[PDB]
Structure formats: C-alpha cells, structure tokens
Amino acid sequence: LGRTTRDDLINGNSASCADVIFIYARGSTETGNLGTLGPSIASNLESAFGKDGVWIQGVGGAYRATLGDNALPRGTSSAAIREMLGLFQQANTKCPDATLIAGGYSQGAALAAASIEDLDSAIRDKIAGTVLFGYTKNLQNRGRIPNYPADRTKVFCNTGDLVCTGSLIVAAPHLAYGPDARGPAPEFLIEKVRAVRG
C-alpha cells in the first residue's frame, strides 16, 4: 500500500471492529486514497485511539479525483458519491456500534459533503465529526454540509484559498493545509468522538 493508502474498513470484518472508523476523501490528482493530508490525520487518530481502536479508510474505487469533475453540479461525480455512500453503509453494517468520523480535501471535501447530505439519517447520526479542508463548496454552502449539524463540522479554508470563495482557481493557500491536518483537524475529530463515547 504505502502510507498514502488505507483500506482498514474494506479489509476489516465484524470480528475485528474498531471503535472509531474514519472515512477520508483526497483532493484532485492526489495519490493513493489518502493523498497528502490523510496520513497525518491517521497518525494522530491512532495515537489517540490505539492502532486497534480506529479504522482509516480512504475513498478509492470509483473516486478517481479527476480535476474535471470539480465542475460537475455537486463538485464531484455521481459515481464518486455512490462510492463514499457505500463505505458509510459498509461501516454501518460491519460495525453497527462504531462511531464514524469523516474528512476530505478540495474535491474530496465536496464529495464528503454530498455523501453526508444523501446519507440515511440513521447512519448520518453516527458521524460524530467531519473535517473539510479547502472546501470547494464553502461559499455555496455557507460553510456547512447540508443536513448535517454545524457543531459537528469544522471547515479549514485558508485566507486566499480561492476555492473557498466560489472559484476553482488554485492559489498557494490551497496547498497549505499540512499544519491543520497535523493538529486542529484530528484534535477536533478526537474531541467529537470522546463527547459521544467517553
């Protein structure tokens, strides 16, 4: 695999359920299914919950993270939404009691948002927290994920990252989320898991 690819949910089963399952969608053109920011969040999550206590799953399969899909209505393709929807379904079926947390960068942040929007409310209720970096629909959705609570959403949108302000121009702030994925974003997700699970 490489640190850039994590299939802990796909490869896992009910007998080895983790308490927490993190599903993450990478940006356009990023490698593996975690890209650049996903591995730092994963390392922090495993310090907090232990290697056995958290499953990290990047969104792969039909999510090709094609730069042209950014221009589609929901900011990604229908196929990609179904891929992410199916991973939340699979988490829910394999491990009905795990707490779910989610994340995404750039097109993966629009994908997370469209997926959570379309999710059955009972599964959606289980997602304790979602972190979105360089969220391409930040302006259009006014910093929110449709049908999901504000208190469970943390958007990291740098000043000068123009994708947070309605365009698809890539500027240097868009490439500057490394600090956030190492610190505030995993801390937020851990705090949201601990508030549900203890």
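Position 1 is the first residue in the sequence shown; the rest follow in order.
**Student:** Out of 99-107 and 112-120, which one has CA B-factors that are higher on average in the deposited record?
**Tutor:** Per the deposited B-factors, the answer is 112-120.
**Student:** Do the CA atoms of 18-26 or those of 184-192 have the higher mean B-factor in the entry?
**Tutor:** Stretch with the greater average CA B-factor: 184-192.
**Student:** So if I compare the CA B-factors in the entry for 37, 171, 59, 56, which one is the largest?
**Tutor:** Across 37, 171, 59, 56, the entry lists the biggest C-alpha B-factor for 171.
**Student:** Highest Cα B-factor in the deposition, which of 33, 138, 66, 130?
**Tutor:** Answer for 33, 138, 66, 130: 66, with the highest C-alpha B-factor.
**Student:** Split the chain's modelled residues into thirds by Cα B-factor; is residue 157 in the lowest, middle or highest one?
**Tutor:** For residue 157, the deposited C-alpha B-factor lands in the highest third.
**Student:** What third of the chain, by the recorded C-alpha B-factor, contains residue 74?
**Tutor:** Tercile = highest for this residue's CA B-factor.
**Student:** Compared with the other modelled residues in the chain, in which third is the CA B-factor of residue 82?
**Tutor:** Highest third.
**Student:** Thinking about Cα B factors across the chain, which third does residue 149 belong to?
**Tutor:** It falls in the middle third of the chain.
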